[PDB]
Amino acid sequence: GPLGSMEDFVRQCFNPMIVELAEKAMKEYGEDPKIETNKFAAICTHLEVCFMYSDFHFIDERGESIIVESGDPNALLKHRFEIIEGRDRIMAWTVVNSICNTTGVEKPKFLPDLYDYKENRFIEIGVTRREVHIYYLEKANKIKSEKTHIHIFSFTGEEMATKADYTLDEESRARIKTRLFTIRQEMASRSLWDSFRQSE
């Protein structure tokens, strides 16, 4: 079929909030979304996975973690996850320092992606077009925080997480994997996938 543009794909398949946050992030690190378009799609994808990872997860009135998929969560509920990725560096570290001073959890060297109030730990989210073990080792070598939990997703449904601790229920992670599958399929229908996979 005809080759589409990755730009068109990203604008059409991702929520504008996500697209906007991704553009601001790329701009901040001096990369242009209109040139680094595969990177642009990868950044939107990673952001979306971070949001989906926290979606619907709350801490209840008793302090137990629960899932609430209705539009209206009970007002006494607390979000289970703090989202760190997608915030400018100043606000991101402000949130990190807050969490650290509040919970007692040690401060990370690099900005992680999430904080889990149930498991009491920061999380680094990875999304890869390559083999998950390879990508896992690269991120572990980068951060080496060793308190920061790592959770890798691939576009073909594989996962790898620190100590074989996957944090979320199968259903939550299946939502994420299904989304990645749809992204891959749609890219392929626009003949964007081969270039996107190999560009990582």
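Each form is matched to the other, and the largest set of C-alpha atoms that superpose within 1.5 Å is called the rigid core. The first residue of the sequence shown is number 1, and the count goes up from there.
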item: Rigid core superposition result in 5 other deposited structures of this protein, more deviant of 140 to 148, 59 to 67 by Cα; value: 140 to 148
item: Of 66 to 74 and 158 to 166, the one with larger mean CA B-factor; value: 66 to 74
item: Mean Cα B-factor comparison, 188 to 196 or 10 to 18, giving the higher one as deposited; value: 188 to 196
item: C-alpha B-factor winner, where the candidates are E124, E106, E82, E85; value: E106
item: Identity of residue with top Cα B-factor, from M52, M26, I134, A42; value: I134
item: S172 - which third its CA temperature factor falls in, relative to the rest of the chain; value: lowest
item: Chain thirds of CA B-factor: placement of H46; value: lowest
item: Entry-reported Cα temperature factor of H149, expressed as the chain third it lands in; value: middle
